[PDB]
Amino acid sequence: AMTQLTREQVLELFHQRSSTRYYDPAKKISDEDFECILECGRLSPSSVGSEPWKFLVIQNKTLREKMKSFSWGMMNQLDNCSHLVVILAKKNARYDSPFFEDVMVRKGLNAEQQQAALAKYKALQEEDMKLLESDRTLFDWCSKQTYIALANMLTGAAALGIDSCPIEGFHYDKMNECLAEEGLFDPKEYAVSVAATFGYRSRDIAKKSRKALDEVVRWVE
């Protein structure tokens, strides 16, 4: 049968998922649990099946130490967290690129289906979403897809009883340069999108503070 939760269980999960700034350095996530977290990212949906992401798992302590200088949003977490993921997004993911040829093959499209798909992707990028305005608009489209993978990794971790924190608080140019200089990706192909820490909290879970549902929802009947 299928895995299914009650509404109460779903809400519990989303109140357990919180941004963890204080991790217990004595508790490490198992290799099995961490592989499951990564699989939540891998299995995430993405526009046109583009999967425009790479997951860098930064366990090396010397590299984490170097990041402290320019990563104010995770300074405390770098020494204490079990695992750190830096998510990259694909650069220059144009409809007519070799990257997109591979997207289509993972679907198994023949020449005619590829022709129709290419026309759809061109319309999506050029006219519907206007992504071809600049390199940054096209990069940011791929980056949006990586935030889906991020969200699913945080939620999957929480479902396994593992704490996490999403991270934007770092100097992106310095982070890109540092990780490229370490040989972790080709900077012509990918650039840093967002990061996340994972581990076990050393403090209580902070209560949710959010705008009310009536503030954020408008119903059009």
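For every residue, the number given is its place in the sequence shown, counted from 1.
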Tell me which stretch, 110-118 or 76-84, has the higher mean Cα B-factor listed in the entry. 110-118
With reference to the PDB entry, specify whether the mean Cα temperature factor is higher for 24-32 or for 168-176. 24-32
Using only the C-alpha B-factors in the record, can you name which of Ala191, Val194, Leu184, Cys40 has the highest? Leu184
Relative to the other modelled residues of the same chain, rank the CA B-factor of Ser134 and answer lowest, middle or highest third. middle
Give the position of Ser97 by CA B-factor within its chain, expressed as the lowest, middle or highest third. highest
Among all modelled residues of this chain, ranked by Cα B factor, put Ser69 in the bottom, middle or top third, i.e. lowest, middle or highest. highest
For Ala151, the third of its chain into which the C-alpha B factor falls: lowest
Would you please rank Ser46 by its C-alpha temperature factor against the other modelled residues of its chain and give the third it falls in: lowest, middle or highest? lowest
